[PDB]
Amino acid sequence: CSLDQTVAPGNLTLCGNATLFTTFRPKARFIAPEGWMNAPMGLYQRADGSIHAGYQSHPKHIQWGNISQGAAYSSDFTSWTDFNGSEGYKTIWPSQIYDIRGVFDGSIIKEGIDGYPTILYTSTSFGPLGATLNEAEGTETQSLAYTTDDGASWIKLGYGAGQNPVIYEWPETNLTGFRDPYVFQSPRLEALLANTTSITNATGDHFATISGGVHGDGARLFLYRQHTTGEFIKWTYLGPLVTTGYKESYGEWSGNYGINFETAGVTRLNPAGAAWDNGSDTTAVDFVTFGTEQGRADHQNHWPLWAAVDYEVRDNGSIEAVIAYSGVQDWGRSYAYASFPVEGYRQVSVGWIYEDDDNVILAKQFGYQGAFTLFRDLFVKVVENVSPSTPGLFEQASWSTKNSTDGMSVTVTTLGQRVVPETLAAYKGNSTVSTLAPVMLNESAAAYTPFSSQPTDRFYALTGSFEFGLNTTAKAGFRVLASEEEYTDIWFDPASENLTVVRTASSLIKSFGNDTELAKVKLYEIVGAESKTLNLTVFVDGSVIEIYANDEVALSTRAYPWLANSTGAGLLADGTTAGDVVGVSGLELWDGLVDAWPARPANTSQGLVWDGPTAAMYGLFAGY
């Protein structure tokens, strides 16, 4: 195995385990020390203000299995430290008949058992498990554990009657899934249900959703309410909160609802961030975020979605969440978004970015799989004075519109997402920052124009504001991770409303994914403006390319160029002319970002292991 990145790549499948550990590896974001990771879990802000982040983890393997909670903490979402205990960086693992098949996703009750932070998680046991299989009751249950040492360790309740698991009965027959309990407080839901509590007897201050669906009949989000305040064993099923149809789609801006939900959460937001009012705040909007499966031809059959909802109270003392409008949380190779409350009226969301090596060709050579997205503040994005002539505006697909009294302008409301300011500040302050002169793209514009300052490695951020004519047919954007022979092109095409990432040339290594990524972006045209603007922020972090547009649209993807000098960046231009010009301003390169794991050495591999011939006998885990 040759690791010469000045010449074409050889046959990299001949390379040893973890020989490509550092080659494509993110440095500026949350990632496990080694091995397999997937969904974020157990997220909470601790008593000292620091952030505890858990994740689905399988150390010393590069496929899923024996799934456990790995964990770390940070005071700023940005620089992290691993927990280190008797099981390394794991803090919860399969150990009991009820969870031996995997400690799946869970969420935090901050004041739980004996006043301690408490996780409610999906405890899995034996049997077929999956939305396309014939799962039975008991295979997925919900269990509690609590921590007396701020997340260094967790103590499970005992196995048995009146103890773990605490939720085991299926609320309906023939479920496609029954997992990912999301526990939350809600003055809103409490006020709505206050007149019906004699019907159900559930009066606790915590609610919990469980994600799933019904065979042949679409996805379901099931709502439970803690039966009694201060008591954590009894959870009363109220009813289905969200009910969608079998592979139902709200349209081109909304993905597809698939057959089964995963990692669903419930929040309430206003323009500033999180809202904890009882309904009295007329600027607040109720949201559900959720993954769907088997409604997509690619991206591992997975859509990470969100919906604004209007709650209705049922006669049986339950809640129907009626979808008002419906969007996409990230359009690329990410999934399993979790959100959690943060002090100062914030709700922060983070997901998992999978690799683009679906045939598992170089996973062993990597010695790891997966990373997080950046941490994102959620809020209600409000755009004022929108022109009624904005194309497609009254479809109200993933936004709402409200006319002015005179009908000459519109207020647009949608879900806002932006990178947490702590990370933006730390990234910029630790980088070599180059503020670039504005560039007018016209008839003289080359297809690709390198920036006047260049990155020095695969760890950088770009900002730019692209001003387009209202009837443009020009395309513009950013090329990143670029040499002569390898590059990744990020294009926006206002005429089609499509933001694309073209990866046909991303790498000389042919085994990685190369499909074109696509997001829809609505440029809301402002009354009196003679142009429309796209504000792009792009993070390049090893192999991760994470794109944010207008504090609204996110697209995470992967690129794995082999050559050491495929690190360049610049402007892309297509169909720009003397008449159809694209004005680029607010241009900035942040070279270096932050070393997110300062205590870790460059290579944190501990080698890879095989479970042996029993893995195929048990049939639960791949075994490697």
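Position 1 is the first residue in the sequence shown; the rest follow in order.
In this entry, 462-470 shows the higher mean Cα temperature factor of the pair 462-470 and 329-337. Two stretches are in play, 439-447 and 215-223, and the higher mean C-alpha B-factor belongs to 439-447. When the C-alpha B-factors of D377, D406, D82, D105 are ranked from the entry, the top spot goes to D406. Among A39, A28, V584, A32, the highest C-alpha B-factor recorded in the PDB entry belongs to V584. Ranked within its chain, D580 lands in the highest third, by CA B factor from the PDB record.
Residue-level temperature factors show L12 in the highest third of its chain, judged at the C-alpha atom. Ranked by Cα temperature factor within the chain, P494 sits in the highest third according to the deposited record.
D595 sits in the middle third of its chain by CA B factor, as recorded in the PDB entry. Per the PDB record, residue ranking by Cα B-factor puts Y89 in the lowest third of the chain.
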